[PDB]
Amino acid sequence: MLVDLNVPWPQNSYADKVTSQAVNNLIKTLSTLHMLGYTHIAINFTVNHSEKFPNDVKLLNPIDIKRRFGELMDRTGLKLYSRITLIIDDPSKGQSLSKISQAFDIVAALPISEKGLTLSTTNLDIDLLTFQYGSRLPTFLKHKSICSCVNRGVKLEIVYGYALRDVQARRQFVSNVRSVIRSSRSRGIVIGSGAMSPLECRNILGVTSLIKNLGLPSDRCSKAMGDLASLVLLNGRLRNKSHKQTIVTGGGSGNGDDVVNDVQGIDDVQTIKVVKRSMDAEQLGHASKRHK
Amino acid sequence: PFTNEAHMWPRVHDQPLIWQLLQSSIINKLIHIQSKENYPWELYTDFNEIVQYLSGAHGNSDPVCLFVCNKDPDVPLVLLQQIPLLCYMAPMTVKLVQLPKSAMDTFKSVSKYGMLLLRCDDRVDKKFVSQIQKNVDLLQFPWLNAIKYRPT
Amino acid sequence: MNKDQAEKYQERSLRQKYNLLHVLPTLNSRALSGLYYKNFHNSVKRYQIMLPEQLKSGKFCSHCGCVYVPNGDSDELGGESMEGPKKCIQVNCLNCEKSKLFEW
RNA sequence: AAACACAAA
RNA sequence: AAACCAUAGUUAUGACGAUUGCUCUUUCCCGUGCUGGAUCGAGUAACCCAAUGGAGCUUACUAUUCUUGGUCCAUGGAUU
RNA sequence: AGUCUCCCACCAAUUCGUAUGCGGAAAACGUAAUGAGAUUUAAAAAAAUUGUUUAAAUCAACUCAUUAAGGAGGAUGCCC
Ligand SMILES: [Mg+2]
Ligand SMILES: [Mg+2]
Ligand SMILES: [Mg+2]
Ligand SMILES: [Zn+2]
């Protein structure tokens, strides 16, 4: 299974209105990723910290997976997730994660300063740590901090899709990726492609070749894209859907009804799962003996 | 409930003076002699006898009735805490009756202990208990409801 | 969690524990009786609420934890017997071989 | 970097 | 003004090549078997790194990201 | 690796003159036999270390409370 968790959405502020051309290009790139081959795609939405969060709940998510992606999935055959990246540099008093975290699925951060990095590593409840590979690194990253963070949770994310933008950004991207891999001890690394058009997408072999040329072994790339991507999807999904890892709202019967896999069945305006009666008290306990 | 409805059973006010009359009949029966006491009338006044008669040894007579003095200070409340449960679980129809007179401790002063277990087959017993079943009948099982144990 | 909604949850949980203490097996099996007794008491200790003494004294046993019940739903009697004083009034049970003595 | 402290965090 | 001293000694502990052995899988033979033998292939792990020396304790490691020994009133199948 | 402990001059003695279950120079050091215990407890919950960080059917693991070295006599159990 292959997971791409950083598909950008053509909108940065809530004052912006997305035209139909951008939605058509996104549909085209989703079809492109599906045709060659992919399993999980989670589109990204980026906002800054000093902005004014709207005091709404039903308007925080301009993604509407049921409206247009509901038009696309029945023909495509894959699932989409909504994620948000927080551009936090200065610890201002604007902090309303109690709404956007529960409204969205995955919550990431984009630190630029040292104090913001420290607070996002200690107190901020996030899922992935993304750095500005376009700009310069804030400081000399420490080892113990990143190790304690990946042991506590949040892992780092590397986006090879930004190196396809221009020429002058490739050197900075490689310099940042080298430092991240050297300081993170190659444990909590999740790879993603931040492409806005289907023309800047690649195959899994190109991805593993690029990362093995960067310095990370190919088997580790395969493992981090197979198990670690599924785990970072699962964590961010059940931290918002379910309670604090004690009670799950989804019951896996076979091999397809999974809290991250089953997305059309589980209700979202609420958290209930209305299923017909399939568990009685007169049926034989042993499944090998139980017959209908 | 378990006890919230158990101590205070009766809500009527016509009986007490005739209660005094049956107490006078009780002293009339207590006058004569030990044997003249128990020959015509089925009376028990011994806690061990109260338990052994309700144990299930003899099942002849259905209507059985207990008379106990309760809800007055400094009485063996812990010990009569289990007699209504015994009167309910007993297969005989056992009508526990409670003396609503705190001053009626002369019962405690006369026979033994303030309680009396009787078996209603005499026709005067019929006369006076067929009118009291019209009046009071309150006996339940805590295991059935258990809805009001003791909240707030 | 609303405290007004937590009071109802507390009452419901206490009622559920008290009902689990009863029906057939806690009367029959001493193990389930003692286990559910311990569970109910650990649940009532956390709520910082005292329990009435009129029931506290003569409710359960001290060796197993079955309710003291002598002979709508027919069940098993709890106690072997209950004698007079004989020197001091005692109560014996069925599950275990011990007795509890009280003095007048 | 390491190594040190009745520090500092 | 020195006491300057390590069968690593002060940000060093490099670079590839070759050999045996270890774990599984697709093969053939004697005797069933035998740290019995030979081809077609994959991998040699992770925590992590000295700065004066020794001992005790605790805490990180070994999932196609090498291994080994035993136990289990843990469950799963079969015989008595 | 770690914000843990201790040795790295002596003192027939204001110098832990400490024959105290065993080993040990010491050690917030290793282990052995029995009994008990769970914010209702001696103490874990509403100095260091550790992502989870002892138990709470039975086992396993942690904590605390007792058992001074050597020689001789009697009784019991095993090969005999
Ligand atoms: Mg070091
Ligand atoms: Mg250090
Ligand atoms: Mg060190
Ligand atoms: Zn008992």
Side-chain angles (χ1 to χ4, degrees), chain A residues 1-2 91 114-129 139-156 179-191 204-205 208 211-212 214-232 234-236 238-239 242-246 284-290, chain C residues 1 3 6-7 9-10 13-14 17 20 25-26 28-53 55-57 59-65 95:
Chain A
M1 48 189 299
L2 306 179
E114 172 61 25
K115 302 180 291 292
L117 182 140
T118 53
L119 56 91
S120 66
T121 49
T122 61
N123 293 323
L124 265 289
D125 56 337
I126 66 175
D127 199 26
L128 286 173
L129 263 172
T139 187
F140 195 54
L141 302 177
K142 297 182 180 180
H143 290 233
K144 62 95 176 179
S145 165
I146 304 295
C147 303
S148 65
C149 289
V150 307
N151 295 324
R152 201 257 317 167
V154 184
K155 303 168 283 184
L156 276 297
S179 178
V180 172
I181 296 182
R182 186 252 178 173
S183 178
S184 177
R185 297 203 138 92
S186 300
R187 221 186 321 274
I189 293 180
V190 182
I191 310 161
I204 188 65
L205 207 56
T208 189
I211 310 297
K212 80 180 182 180
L214 280 176
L216 195 68
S218 65
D219 54 352
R220 214 168 197 89
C221 297
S222 54
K223 291 158 186 173
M225 269 200 160
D227 312 318
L228 275 298
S230 66
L231 259 62
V232 70
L234 170 142
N235 183 24
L238 60 85
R239 73 181 184 181
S242 68
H243 200 54
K244 314 170 182 177
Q245 291 77 241
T246 172
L284 291 185
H286 260 279
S288 179
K289 309 304 173 181
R290 197 194 310 115
Chain C
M1 186 71 183
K3 62 95 175 180
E7 272 190 357
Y9 164 70
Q10 173 183 3
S13 192
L14 284 182
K17 261 88 165 190
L20 290 172
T26 48
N28 198 341
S29 45
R30 49 180 175 180
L32 300 184
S33 68
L35 280 186
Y36 283 43
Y37 169 92
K38 168 206 177 184
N39 186 74
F40 167 74
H41 269 77
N42 283 120
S43 178
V44 78
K45 189 231 184 174
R46 266 144 183 169
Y47 269 115
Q48 298 293 321
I49 288 187
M50 49 87 71
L51 66 161
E53 182 65 25
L55 54 90
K56 214 184 180 175
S57 65
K59 189 64 179 293
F60 296 105
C61 175
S62 297
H63 300 267
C64 56
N95 300 116

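Order of the sequence lines sets the chain letters (A, B, ...), proteins ahead of strands, with each chain counted from 1. The figures here come from the full heavy-atom set of this structure, side chains too, leaving out hydrogens, waters and symmetry mates.
Under the Watson-Crick or G-U wobble criterion, with both distances below 3.5 Å, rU34(F) is paired with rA65(F).
Spacing between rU67(F) and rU40(F) at atom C1', rounded to whole Å, works out to 32 Å. Taking the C1' atoms as reference points, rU59(E) lies 14 Å from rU52(F), given to the whole Å. Between the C1' atoms of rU58(E) and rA48(F), the separation comes to 8 Å (whole Å). One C1' atom belongs to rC22(E), the other to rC66(E), and the distance between them is 8 Å to the nearest Å. Using atom P as the reference point in both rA32(F) and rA55(E), the two lie 24 Å apart (nearest Å). Between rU52(E) and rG30(F), the two P atoms lie 28 Å apart (nearest whole Å). A gap of 14 Å separates the P atoms of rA36(F) and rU58(F), to the nearest Å. The separation of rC62(F) from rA55(F), taken at their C1' atoms, amounts to 8 Å, rounded to a whole angstrom.
Sugar pucker at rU15(F): south, on the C2'-endo side, as the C1'-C2'-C3'-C4' dihedral is below zero. Pucker assignment for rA48(F) gives north. The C1'-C2'-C3'-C4' angle has a positive sign. Going by the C1'-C2'-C3'-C4' torsion, the sugar of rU41(F) sits on the north side, since that angle is positive. A south sugar is assigned to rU18(F): the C1'-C2'-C3'-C4' torsion is negative, on the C2'-endo side. Using the sign of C1'-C2'-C3'-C4' as the criterion, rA18(E) is classed as north-puckered.
Here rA55(E) is matched with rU5(F) as a Watson-Crick or G-U wobble partner, both contacts being under 3.5 Å. No Watson-Crick or G-U wobble pair links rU39(F) with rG73(F) when both atom distances must be under 3.5 Å. By the Watson-Crick or G-U wobble test, with both distances required under 3.5 Å, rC22(F) and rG30(F) count as a base pair. Here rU31(F) sits opposite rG21(F) as a true base pair, Watson-Crick or G-U wobble, both distances under 3.5 Å. Nucleotides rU52(E) and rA48(F) fail to qualify as a pair under the Watson-Crick or G-U wobble definition, as the contacts are not both shorter than 3.5 Å.
Considering only side-chain atoms of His286(A), the nucleotide from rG77(E), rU40(F), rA46(F) that sits closest is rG77(E). Checking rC47(E), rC49(E), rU40(F) against every side-chain atom of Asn42(C), the shortest atom distance belongs to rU40(F). Picking from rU65(E), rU40(F), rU64(E) the nucleotide with the shortest atom distance to the side chain of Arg220(A) gives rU65(E). Distances from the side chain of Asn151(A) to the nucleotides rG51(F), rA46(F), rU40(F) place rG51(F) closest.
Adjacent nucleotides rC24(E) and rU25(E) meet the stacking criterion of ring centres closer than 5.5 angstrom and planes inclined by less than 30 degrees. Neighbouring nucleotides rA12(F) and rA13(F) fail the stacking criterion: their six-membered base rings are not both under 5.5 Å apart at the centres and under 30° between the planes. Base stacking of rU27(E) on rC28(E): absent by the 5.5 Å centre and 30° plane cutoffs. Neighbouring nucleotides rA15(E) and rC16(E) stack on each other, with six-membered ring centres less than 5.5 Å apart and ring planes inclined by less than 30°. Judged on ring centres (limit 5.5 Å) and ring planes (limit 30°), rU52(F) and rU53(F) do not form a stacked step.
Shown here for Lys115(A) and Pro91(A), the closest heavy-atom pair between the two residues is CE-CD, 4.4 Å.
Checking side-chain atoms of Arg152(A) against main-chain N and O of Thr121(A) turns up a donor-acceptor pair under 3.5 Å. Formation of a donor-acceptor pair under 3.5 Å by the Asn95(C) side chain with backbone atoms of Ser29(C) is not found in this model.
In this view, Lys155(A) satisfies the side-chain hydrogen bond (donor to acceptor under 3.5 Å, both in side chains) rule with no residue, not counting sequence neighbours. In this structure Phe40(C) satisfies the ring pair (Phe, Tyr, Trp, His ring centres under 6.0 Å) test with no other residue, sequence neighbours excluded. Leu2(A) meets the side-chain contact (heavy atoms from CB on, under 4.5 Å) test with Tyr38(A), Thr39(A), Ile204(A); sequence neighbours excluded.
For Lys223(A) and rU65(E), the NZ to P distance is 4 Å, given to the nearest whole Å. Remark: P of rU40(F) and NZ of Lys56(C) are 14 Å apart, rounded to the nearest angstrom. Regarding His41(C), its NE2 atom lies at a distance of 14 Å from the P atom of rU41(F), rounded to whole Å. If you take CZ of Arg187(A) and P of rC61(E), they are 9 Å apart, rounded to a whole angstrom. In this structure, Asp219(A) places its CG atom 9 Å from P of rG43(E), rounding to the nearest Å. At whole-Å resolution of the value, NZ in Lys38(C) and P in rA56(F) are 10 Å apart. Rounded to a whole Å, the CE atom of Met225(A) is 18 Å from the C1' atom of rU65(E). Atom NE2 in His143(A) sits about 14 Å away from atom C1' in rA2(D), given to the nearest Å.
Because its glycosidic torsion is within 90° of 0, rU20(F) is reported here as syn. Because its glycosidic torsion is within 90° of 0, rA7(D) is reported here as syn. Base orientation of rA13(F): syn, since the glycosidic angle falls within 90° of 0.
Pairs passing the side chain to side chain donor-acceptor pair (under 3.5 Å) check and including a residue from residues 139-150 of chain A, sequence neighbours excluded, read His143(A)-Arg182(A).
Regarding contacts with the backbone of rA60(E), every side-chain N or O of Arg185(A) stays at 4.0 angstrom or more from both OP1 and OP2.
By the neighbour-count criterion of 12 heavy atoms within 6.0 Å, atom CZ of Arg239(A) is densely surrounded, having more than that number from other residues, nucleotides or ligands. Atom CE of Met1(A) has more than 12 heavy atoms from other residues, nucleotides or ligands within 6.0 Å. For CG of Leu205(A), the number of neighbouring non-hydrogen atoms (other residues, nucleotides, ligands) closer than 6.0 Å is 12 at most.
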Going by atom type alone, with no hydrogens or angles, which donor-acceptor pairs under 3.5 Å involve a side-chain atom of residues 216-227 of chain A and a protein atom two or more places apart or on another chain?
unit_1	atom_1	unit_2	atom_2	d
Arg220(A)	NE	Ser186(A)	O	2.6
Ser222(A)	OG	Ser218(A)	O	3.3
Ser222(A)	OG	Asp219(A)	O	2.5

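RNA chain D forms no stem, meaning no run of 3 or more consecutive Watson-Crick or G-U wobble pairs whose two key distances fall under 3.5 Å.
When the nearest nucleotides of RNA chain F are assigned to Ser43(C) and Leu35(C) by heavy-atom distance, the more 5′-ward of the two goes with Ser43(C).
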